[PDB]
Structures are given as structure tokens and as C-alpha cells.
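Here's the structure, in C-alpha cells; my notes come after.
There are 2 protein chains.
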Amino acid sequence: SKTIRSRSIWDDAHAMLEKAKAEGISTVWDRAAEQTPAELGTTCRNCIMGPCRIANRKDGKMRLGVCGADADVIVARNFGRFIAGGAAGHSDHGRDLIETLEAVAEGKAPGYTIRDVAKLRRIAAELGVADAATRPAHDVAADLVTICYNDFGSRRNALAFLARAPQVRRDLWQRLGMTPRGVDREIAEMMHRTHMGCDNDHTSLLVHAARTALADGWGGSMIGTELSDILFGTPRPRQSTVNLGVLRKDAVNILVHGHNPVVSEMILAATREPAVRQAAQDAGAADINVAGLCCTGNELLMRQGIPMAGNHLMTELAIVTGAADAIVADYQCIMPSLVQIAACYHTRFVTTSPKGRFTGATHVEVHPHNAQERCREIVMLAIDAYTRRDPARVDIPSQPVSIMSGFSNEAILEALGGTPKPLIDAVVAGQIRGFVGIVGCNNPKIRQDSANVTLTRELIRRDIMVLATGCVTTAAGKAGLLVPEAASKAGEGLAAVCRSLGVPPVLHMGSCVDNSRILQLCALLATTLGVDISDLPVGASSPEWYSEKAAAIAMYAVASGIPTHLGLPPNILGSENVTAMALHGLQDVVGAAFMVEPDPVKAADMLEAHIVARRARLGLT
Amino acid sequence: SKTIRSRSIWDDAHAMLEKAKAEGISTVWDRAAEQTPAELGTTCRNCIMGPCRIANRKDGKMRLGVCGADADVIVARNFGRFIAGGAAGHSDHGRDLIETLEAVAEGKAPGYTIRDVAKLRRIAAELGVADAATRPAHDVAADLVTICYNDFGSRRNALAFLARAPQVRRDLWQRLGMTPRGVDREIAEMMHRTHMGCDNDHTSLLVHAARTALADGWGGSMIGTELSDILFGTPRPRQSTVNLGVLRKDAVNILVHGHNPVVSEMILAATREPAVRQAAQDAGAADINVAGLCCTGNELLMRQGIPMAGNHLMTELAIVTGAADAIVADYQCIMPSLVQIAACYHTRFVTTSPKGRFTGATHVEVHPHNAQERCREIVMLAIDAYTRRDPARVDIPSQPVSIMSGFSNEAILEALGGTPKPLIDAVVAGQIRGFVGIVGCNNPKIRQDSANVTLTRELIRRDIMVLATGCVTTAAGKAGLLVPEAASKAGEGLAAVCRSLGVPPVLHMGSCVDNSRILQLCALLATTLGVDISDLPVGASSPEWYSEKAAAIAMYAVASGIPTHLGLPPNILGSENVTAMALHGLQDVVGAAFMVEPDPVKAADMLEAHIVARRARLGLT
Ligand code: SF4
Ligand code: SF4
């Protein structure tokens, strides 16, 4: 009920921003307003002959760096390191899941099992494990771990999951020098290329940026997605709820934050132990309430139906409620300001990873061999914090909103009858004109979820099915769009298909790493049709992205032949040639390009224009 | 004979800077003067919630980033990415040498052999190859390649060459979480840690920075050094010459630039073919003159006695001579301004690597399977450029200066009688008070080689033997310090030892990657003495460093227990805690620390003060 309303579209955010304003708590929006004044990407710090800056000064000076690099090279090198940082996040995510499966195969991970033995055999046989369908599971698991570790090596010509792509798409990557060879190798070669006096050509630098992101989507992310299903079960459609109202004043509230489900799944298992449940009652709690934040919340939402408290810009406001008893975090997108805001209350801020360290946090390092023991200790710290909660400062806003989740590729095919042919024929008729994966973050520079939900409504109204992943899940869920009754907000053709299957017009497909499910579905549809991915009526969008990670997702979507839209532009506008390559040049190279547009309705026209063109290229109506 | 004399201390540089000034050619010093105005390291660009800047403004604003990161985290994350970029350069260097040995073992590299079969067996047996001393060589080579590739993997607990370090040093790394596990893995985890909301603790970020650089020195660099000896021969002491006078007006001048000897060794072999030599005579050339630049020149200097034309800030002035007929470059430290300056003349600028691309250059991509064929084509392009040379613009300055090179650890031990005991007893007596490895680059912010040669004279005068690598070789060589007669410029004790062995007081130990030879020697002396590397009277210095690569070398020297001096400071002064950790905090952790001092005489006192303290700790005189 102030200028706070210009920061978010949701009521629970307005209620907590007013509560933070009264209690004198600075939020991300406050710090974003101070850092309002390097956005052109024409500043280089790669060596101490600089730092250099490229300008169009009237004197003609500062046109080149000290080494002689121009604006094209400097912008390309900064952009490549931007993509590499995003690929490195998904790289360690998949690597931690590889190490967890190996620990299960060796019997050294108490509490972890192989939840989906059927998927273990199918994935292993697909990647080349001999007799994967009939050998003992732990032996099959060990061979799959070897293949995955070799993709984090330096001897392969191409990643294992790259075989899912159509043949014409693989033959295109090979001719371009774009085929990803190793998940860690392409990250290291990107840092090598952007060193002084190495790669000084903006075209080859951008080609390697696509190759690095392809090592993310078809490598690190896809390995992380498929091993999570093997270790924790393949997600199936199920109902749950979102927004801050999922917190309970009468229960211990444990907020899991981060990305890796290896930690959050064992936290949930610890809260269900009888001795731990009894201890929560001794503290006077009716139950232990686990709620999810960001991607690790998407993980528990897809496989366990655990309610989600919020997304990126909601994590601070979740502690302002005064009901957060513990924040369990591993790594990625955990703003360090959470530690200071948790100090204002009783909230116990716990970190679990050697990579996710925070100055002033309670560190309980979790590993596969002691996860079951350490997570029990973590839940006890939450129960203890419940005893010290300040009752006069608890104000859980709003009421929870119903959602439906768990739409993996296996679940989508099961609703279709085990075959993509019903989905194809619906696209042939003209009921579903195309698919668009809406993915990405929030960003304080844009009213929270305003562009995410707007584009989602515009697309489903034009008979375009939306595949939601990442923090957009919270945006779509709180808009009432993740239920089968949301078909009334879709066009006539899409609504008829949704009511036939009992599914919503927006399918939740998981966390950010689960964007590999979209690649898997796009590769499966292009394979059955016999065409390239650049021929399918597909699209991708990140209207409110912020991280290096979303840029890497957008990059490997473009490199795979999916026209990708970005709300805010990357720090590349200081070079017209790099800008012309990203926006127009890539269209000839890989069959897709980036789209920068802050207007979500206009972006719906551009996404639909690409889709109708690809429908024409298929000779469809 | 102007203010040009304030840019370099050498006559050949003054002659070419005057020649470039007359011909209207802008040099690095010209571009350095324009970029005189991010040096504090308190600017962050890791996401598009920023870019943010940390300041001490009177209003108290801009103290944190949009995510809430303070000055400690931002400076630490920028410094970690700085170290990672340097480690990535040595990583790809070692990886290309692994791929070359594998191609030799498979018989798919025409022109390449195993030059040092004896060293192949010793290295392989050291790293764990079974029956490495008696099995066929190509089978032994294949097993060694497997071990090296696994160090570029993600399954090891520690790199293979880490066994050379003393046990107490390895046990120190393991307790600190500093043990390097994989060359590419530590680079990827550094980019993951520096993502938003991952590692937000300046201590753990710096600990991983040391671990990343240790993966360089004991991993990428050491693999690259030892495989180069296996493929091209172990260097032995030999005489050669330096400075621009090594170019011949009566011969075809081929300037090899970059780092990888896989390319420059085959260029040299092509210039010695009879049909190619005959073609140079047909063009009117008396011979084909190959000269080295930067580290690839150090490679050919150590193993072939090929004269060196110059170092970093000499590469542009080498083309101004008008006698450069071809520049053959692979990657690293090849300033893109060379392409424009070569265009001013007849010089043919050739690139050979997929990673080292330059807009406007003649690209002849070289690989092990076609190196012998492509390099012959490259030399023919140089002979052709000799026919188009402008005679009125050729002015080769100065006269060549004699040097002695090829002092590997194997050559040092051979001069000592096959045992380090003569070297130890000389340090016990007080003749050689300590060893200091002078390494690093040039930097336009400092008068060229003024601090490099000054410190070299100060150290040898105080009876401290200097081990020279990298671009400091050109500085020491042109100062007449790389000959046995230079003992007259050393103290009484050091001069007596040098005249006994017939060696100079400054030992040339190779290129930048050959800094692993210094680690190998420091580990060997600490092992025979039974103490830690932090107990040996050793030191390291980079008075005129510029690259991410020298910072990684300085970092893994500190992490190995060697007090390291830097002329210019890294971009870390915006955080006192990070500065206090690098300068003082690391002394308690790893037994050494960084030393920032622009005064070379003062740095000689600080290096000697550390050495005399370690001599006292050993109870020596
Ligand atoms: S790499 Fe070149 S442009 Fe970048 S800081 Fe160094 S000299 Fe300047
Ligand atoms: S990571 Fe934090 S400090 Fe860096 S640009 Fe993003 S919001 Fe600013």
C-alpha cells in the first residue's frame, strides 16, 4: 500500500515489505536502488596492464585496450566468462549427484537408495552400459557413474547425452566446432580463451560460449536431472500449494534454500523420524513444517509435493514473517543478506556445503556418508529455535494457493498414453500451436513476476502451452495457472486439450537443471518428426532473469535451435557486432537467436511469430 | 634518446621506439598512457542485478551489493576468478601435450617421437605405471597418458605429481581443504564459488584460490613440463644469444610467438628440410633464421639453443625492425596489436590454434596429425614474405648478447655429480645463502626490465643464486648475467661455487610452465633435509608481472611455502581483510605470504630477511 506495490505484484510481498519497512529492515530493492549507477560490457579487468575501458571519445582515444583489444573482443570475453560461470554452477550440481550415486553403489550412503531402478537401467543402456537391463543394479549404477565421470573428463569427443539430439543437429554442431566434449573441459577452455593474448576474435569466442553452454544443457544439467530421478524417484503429477501462507505459526518451519536435493531430501526424511517428531511436540509444536525455496523447493515439490514458500526475491520476506525457524542452504542464489535478516529474528541460518560458505552462519557440513546423521542435528536446531520464537513479531501473510506439479517427460508421456503421437496430432490440428518454456528468475529492476505472469497469460491465450521451470513456478502457481481449472484462461484449442488430459495449461517441469527435460522433449519430438529442433514450433523465454546461470540456459537453448527471449539484455550492448551476432547473426548459424524485449506482450508476438514460421516450415495449419 | 628512454632500459628498445615514433606506429606504452584512469577490486559484474560498486561514501550507501555482498566477498571473488584464468592457461597447455604424447603412442603424429625414453620410464614409474622400466615404450606412454588424463578428471583425491611434496606439506594441504584434486575440476569449482549466492566467505574463497593454483603448479604446469622433455628432449646446458640483433637482414626471419612447443618445434624442423632450404635460397636468402619470442622462445632456447629475439614488451618492436618475415603464434600473451603492426609492413601473421584466433590473421591450424605438413606450408609463406620485404625500412638494432641456457633439474644434478649433496653443503657453509626464483613478465607501468635486472643484481651480490624463468630470461640475458663470467658480479661465496661448476650465478630454468622445475627442486631439497618447503631458504619474485598467469604462479608458490614478492599489487586493495590475509594471514596458514613492494632493493631485503630466518630455523650460519 505504497511505492512498495511497485516492487511486487503479490499481496504477501506487499505485506512483508511493509513489515520490513516498519521494523527497519533493508531489502534487495533498497540495495538495488542504491546501486543504480560497466553495463555496456566494454570494461576489461583480465590483467593488470589495465583495467581498460573502451569509449567513443571525440579525441579518438581509449578505442583499444593496453594489449590492443577492441570493443568486440572485450565484450565477447566478458560474455564468455559470464556464460562459463553459469555452466560451472550446473557442473558442480551434476558432479555432486554423480558422487552420491557412486556412494550408493558402494553402500557408503546411509539413507540413500536407488529409488527408480527402472530408470537406472534405461539411462545406463542409453549411454552404453553393457547388459544394463539384466545385470545387478549396483553394478549397473557403477558403470553409469563411470560414464558420467568420463563426461567430466578430457578424453571424449562428445558428451554421452548428446546422442539424444537429432542427427542433423549433431552434424551441425560438429561442423561449427560447437560439439561439447567435457563438462569441466569447456569451462577451462573458456577461461583460457579469455586470457590476454589468446582468443581475440569475437566470432570464435561466441562459438565457444555456445559450446560451453551445450556442455551445461546436454551435460551437467542433464546428468543432474536424470540422476536425481534415479536417487529420489521420477516425479509424477501431484497437488500442492505455494506462497508464504504455507508457513505455520503452530509448527516448526524449516525453509530449505538452494539447489541440491541431496541435502533437502534428507532434511525432509529427518523431520519424519518419530523421535524427532516427538521432540517437536515437547517444544510445543503441532508438527514440523518443511517449506521449499527456489530450486531445491522445486525439487521437493516435484517429487514430494512439499509446499513452496517463495522464489528468489521472496527469500528475505520469508524471514520477515517471524515464523522461519531455520534456513537450510547449500549453494547458489542464497543472498548473503539473509544471514543479517535472520539475525534480526530467532531464525537459525544453517549452511551445509564446503562451496556455500557464509560468514556468520552455523555450518553443519553434509556429505553422503553422514547426511542422515547431520540432518537430524540440523532439524534439532530448528526445533530449538522454535522455543525462542518471538510471538509478537509473527505475521504470516495471505492464504496458500493450490498448484499441480510433477510433469516430467515420463509423466507427460504417461498422460498421453505412453506415446508422443497424441501430442503431435494436437500440434498438427492447430489446437496447440506451439510450446514455450518460460524459465528464469526475478530481478529487482522489474516488478516481481509482472513480466513472468503476463507472458504466461498471453501465451496460453494464444493456444500456446507453457512449460514452467525454476522460479517462474512460483509466479505461475500464485496466479492460479498450475491447476486443471486454469484451462478457462487458455484459448479454445488449448483448453480442449487440457481438459482431455486433466492437466493445466502450464506444466511445471521442475527446477533450473530440469530445463534439460525441455531439451529432452524437443529432441524427442524432432526425432519422431525426422526434422531438426530448429524446425519445431518451440520457444524459450526469461523475462526477469538475473544470474549467469539463466544466461547459460538461454545460450544452450539458442544453440540447440530454440528461439530464446530475454527481458533484460546481457552486458553486451557496447559492441554492435556482438549484439548483431546474438540477435541476428546466430539465426543463420544455429537456426535461432536471442530476443531482447522488456515488453512482455511484444515478446509474445515475437515468440508466436517464430512459432507460426516453424509451423509453416512443417506445412501445418 | 627522449622520454622513450623512460619506457625501457635497453638500447634495442630505444632504437625501435624511435623508429615506431617516426613511422607513426602506436605501441603498448602509447595505449597504456591512454588507459591511465576498478583497480581496488570492489566492482562486481557477476550478475545483472548489478553491476555493483562498494565505496566508503559519507552517506553510508553502496556499502553492499544488490545481493548483500560486502567488500571482502567481492574482492575475494574477483581475485579467485583472476587466479582461475591463470590456472586455465597452464591447464590447456598441459592438456595439449597430453594429447600429443597419446598421438605419438598411437603412431598418429608424423614427425613426433619419444625423444627421452629414459625420462618417460622414470616419470611413469613415479606416477604408478606398472613395470614402467621394462615394458615397451609406447605401451608405457599410453599408461602415463591415462594417468595424466585422470588428473584432468574428477575421481582422484589428489594429483599424481603431488607425491613429490614433503609429507608434512601434503598433510598440511589436506587439513586445510587445499589439496588439488583435478586440474579442470578446481577451475570449475572456482567459477561456481564466485557465482551469486554461493561462496560468500573471503577466507574459504582464498583457500580455494590456493587449491586452484596448486592444481596449476603441481598439476597442469608440471604435466606440461615433464611431457615436453619426453617429447622433445630434456634440456642440457648450452650457449646461445638474445636481443633483437639475432635477426638477420640476409636471411628469412621467422619469429615464433606463444607458449606451446608442439608448434614451434615442428616449425624449426621444417626450416631445416633440404627442399625448404633450397627454396629460401631461390628467394635470395642466405639462410632461414628462426628466433623465439616469450615462452615458446624459452622452449626452443632450452632444448635447441635457438636465439631469443625478445620478451613481452619487445614483440611489437620486433616487427618495427622491418626484418620480421613471419610471426607464428599459438596462444597466450600474443597482443592483438601485433596484427595491425604487421600490416604496416610485409610481415605475415600466422595463427595455429583453434584457441588462439585473431581477426585478420592468416590461420593455418596445426594438429599433431598434420603438424609436419602444415608447418612446411607456414615456412613457405615466410620465404614468400622475404621476397616482398621493403629494404629501406629494415633497421635491426644492436648486437646479439651471449647467454647460457638449459639448466633443468636433471642438468643441475648432473653438474653436481648426480646428487644434491654438493648443493646442500654449499648452503650449509654459507656460500649460497639461499635460492630465489625470479619469474614474471614486463608491464608498461614500470620501466622495462628495470626492476627485473636490479633485483637480479642485488640478490647475486648478497650470495643468493637466482633461478630465472619466463620473460625475465631476456632481462637477465641482455644484462650479461647468463654466462659463467657473470660470477664477477656475485658475492665471494656464490662466485666461488659458480666457478667450481662452470655455471652462471643466474640459472635459466625455462618458460613459465617450467616454474614447476623450481617446485620440483624445492620439494627434492626439503625431502632430503626431512623438513617442509616452508623451512628451506627459498623465495620467489615477480617484479613486473601483468597476467593472471603470473598471479597463479605466485599463488601456488605461496601455498607451497615459498615467500613470494610482487612488484605491483593485485586488484585487492579495496578490502583490508583480503589484503591482510594475502600479506600477513597466509603466513600462519601455509608458512608463506605475498610481498608487495615496488622498490626492488627493498624487496631484496625482504627476500633476504625471509631467507636468513629460514637459515636460522635450520641452525645454519
Ligand atoms: S587483457 Fe587487454 S583490455 Fe583487458 S585489462 Fe589487460 S590490457 Fe586491458
Ligand atoms: S553478485 Fe551481488 S555484488 Fe555482484 S553484481 Fe550481482 S548483486 Fe551485485
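Residue numbers (the entry's author numbering), protein chains in the order written: chain A, 4 to 40, 45 to 628; chain A', 4 to 40, 45 to 628. A prime marks a further copy of an entry chain.
Ideal Cβ positions, reconstructed from N, Cα and C, are used throughout, including at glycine.
Neighbour list for residue i in chain A', Cβ cutoff strictly below 8 Å
i	result
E46(A)	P58
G160(A)	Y156, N157, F159, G160 and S161
Any non-hydrogen atom of ligand 1 closer than 7 Å to residue i Cβ
i	result
residue 655(A')	The requested residue 655(A') is not part of the displayed model; chain A' covers only 4 to 628.
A494(A)	no
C51(A)	yes
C59(A)	yes
Check: residue i C-beta below 7 Å from any heavy atom of ligand 2
i	result
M56(A')	yes
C205(A)	no
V597(A)	no
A76(A')	yes
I81(A')	yes
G72(A')	yes
Pair within 8 Å by beta-carbon distance, residue i and residue j
i	j	result
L300(A)	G312(A)	no
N416(A')	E551(A')	no
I618(A')	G500(A')	no
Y553(A)	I55(A')	yes
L127(A)	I154(A)	no
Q406(A)	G252(A)	yes
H266(A')	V335(A')	no
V80(A')	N207(A')	yes
Where residue i falls: helix, strand or coil (DSSP)
i	result
residue 42(A')	Because residue 42(A') lies between 40 and 45, and chain A' jumps straight from the first to the second, it has no atoms in this structure.
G96(A)	helix
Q455(A)	strand
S247(A')	strand
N85(A')	helix
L474(A)	strand
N267(A)	coil
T369(A)	strand
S495(A')	helix
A616(A')	helix
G72(A')	coil
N449(A')	coil
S415(A)	coil
Cβ-based neighbour list, residue i, same chain, cut-off 7 Å, excluding 5 preceding and 5 following
i	result
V152(A')	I105, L108, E109 and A112
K485(A')	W13, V249, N250 and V408
Neighbouring residues, chain A', relative to residue i (Cβ below 7 Å)
i	result
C529(A)	The premise fails here: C529(A) is roughly 26 Å from chain A' at the closest Cβ pair, so nothing lies under 7 Å.
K68(A)	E37
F356(A)	Result: empty, since nearest Cβ-Cβ is about 12 Å, beyond 7 Å.
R102(A)	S161
Neighbouring residues, chain A', relative to residue i (Cβ below 9 Å)
i	result
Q339(A)	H199, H202, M203, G204 and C205
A76(A)	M342, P343 and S344
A91(A)	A195 and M198
Contact list for residue i against chain A, beta-carbon separation under 9 Å
i	result
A95(A')	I194, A195, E196, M197, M198, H199, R200, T201 and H202
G184(A')	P361
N53(A')	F89, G92, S554 and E555
Own chain, CB closer than 6 Å to residue i, minus 5 neighbours either side, in chain order
i	result
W180(A')	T186
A131(A')	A139, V147 and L151
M229(A)	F168 and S523
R10(A)	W32
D223(A)	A94, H97, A559 and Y563
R243(A)	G413 and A418
Within chain A, partners of residue i - CB distance below 7 Å
i	result
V73(A')	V31, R34, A35, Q38 and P451
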